[PDB]
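Below: one protein chain in two forms, given as structure tokens, structure 1 then structure 2.
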Structure 1
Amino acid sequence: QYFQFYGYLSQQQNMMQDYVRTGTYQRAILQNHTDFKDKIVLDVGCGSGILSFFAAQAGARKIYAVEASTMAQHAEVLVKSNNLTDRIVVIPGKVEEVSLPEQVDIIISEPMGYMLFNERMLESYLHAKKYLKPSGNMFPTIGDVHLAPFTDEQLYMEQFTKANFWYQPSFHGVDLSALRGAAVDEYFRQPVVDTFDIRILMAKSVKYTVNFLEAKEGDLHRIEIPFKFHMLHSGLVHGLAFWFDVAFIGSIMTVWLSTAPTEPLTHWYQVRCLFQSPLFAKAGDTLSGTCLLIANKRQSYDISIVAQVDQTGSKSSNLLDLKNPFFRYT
């Protein structure tokens, strides 16, 4: 199912024609061309091969382009039609299972999902470091997850209205209300994928940094993000908002790709995790807690968010089912 989806040219097209994504990667690579010139490159999950082409433009001597879907066949076609057979070598397969003939100077990939970690492709990216030379680099080099409390009564009421379907004592004569609790729980486990006005954010964001040069694959099985927010506005906190930046830390310059709500909307949007019960906080209070992401079998995460207003002891404990997001953007 997963690699079947990526076998479609339409999905590769959709990612490629996203200019912030494609254009930022090309700038990161070309403006750091000394990190590529005459070097050996591994492209993890190359799709059409676009990043491998950028590495070749920047003067890479040899690029191993690993792709697990049938899109590998299409990448091979483009390498031949662009006369790059001596420079880009497609290796069909999962990066965990293929054989490479030598170690590489730099690994490149676009492994980011919703909230950075969704899809769990960063595990494959970090796995690939078995091929990285000791002096070696990775593009992207780091990822910063940002979280901030938000207020959005409308979104809270939207989701509660849907759940309240299961409150009905006589839906076509049938009592559904035994499932009231189960339904509220399920709906509030859905992360909400869309954008929002920055004025709904009630505190400055807290940053959690993953350094891909240092992180191990296994580390992403359990991700613990501590936070302490200094509330800038009084009101109800309906949940936490999440976004991410990645940096390409090259030898010439650092280039950033941001999905922040202060930046042009991207196809990652932003993600919000709702509280079943909103918390009241006053400006000046502190909202503290821990976001715990636990990896599961569906290439996703079970998220635990516990947040408390320190001054009052008002606490919210919450689950998020990242397998089952609500795509709200209209």
Structure 2
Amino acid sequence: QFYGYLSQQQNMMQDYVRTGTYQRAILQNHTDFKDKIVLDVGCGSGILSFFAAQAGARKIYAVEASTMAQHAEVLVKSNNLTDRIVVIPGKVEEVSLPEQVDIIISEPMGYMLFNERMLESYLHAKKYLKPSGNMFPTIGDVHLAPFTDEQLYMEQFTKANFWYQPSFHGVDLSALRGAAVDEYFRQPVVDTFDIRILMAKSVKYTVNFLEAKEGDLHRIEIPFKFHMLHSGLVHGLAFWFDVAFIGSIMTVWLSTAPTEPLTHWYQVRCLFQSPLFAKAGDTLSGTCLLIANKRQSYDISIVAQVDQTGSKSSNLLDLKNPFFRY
């Protein structure tokens, strides 16, 4: 229902970097839309389907599982486009298209790209794509980089140490302190930061939406080896994402990087249980394993070590309970 509120649709429609970038990607690639058949997966209010119609699309199937499909239908009648935009209420996995499409368009990106698991519906929809058909967005780049943030690490313990007291109104809470720390460290942090907390150049993990299958997103293994630019304590990994619309005329990027004006995706940070001392020139190696979970999110398993010392840390986070710290 969350996406079923006009207020929620307004917040994303009003977001210029999101909505304006999609319009630019589509209108500046008019040859990928001029007289084509289009699928808009999770169209919400239908704004992306209108942009395709502005670019000259012959037919646009606009699929929406929420009751927003009803409001999208009103906008298409109201905009005199019932001949070119057909709104199909229901799940993209369960509806019927009358024909194969030239191009699929969607805004399925969650926090850290993968959160909400909508990329699975986007990829599922390629059963409707013509061989040599296009995907907008075409690729997603997930960037991860080690960060130092003593204050963000220490505040976990400030919060958890609420339980480390022998007489909260006469009650010894101290037996729960360990569980409270564990629960706080299992929360990915959604907020932004100064790029100078980054201790190494990002590693990039690329999903090619033309090639990737639905099941590819159930388990995402991101090996990393960071060459440390700075000496300090590594508190965790920072995550962001770019997507590219690779059209016939040009590639348009939507970036959520900390070097770009802040978006409503912010960036995501996952703390280590224990920070790792690295000197500039050291290598920090390990694996980030994203495992799709039953709460339309991911279990995040990180293991990392400073190769030169053998110092090792890990964390297990659930992207379903993020801490909005902004």
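Residue numbering: sequential along structure 1, first residue numbered 1. By rigid core we mean the largest C-alpha set that fits within 1.5 Å across both forms.
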*Tell me, which of 251, 170, 99, 154 is the one whose C-alpha shifts by at least 2 Å between structures 1 and 2, with the rigid core superposed?*
170
*Would you mind giving the Cα movement of residue 186 between structures 1 and 2 in Å, after fitting on the rigid core?*
1.1
*Report, to one decimal in Å, how far the Cα of residue 203 moves between structures 1 and 2 once the rigid core is superposed.*
0.4
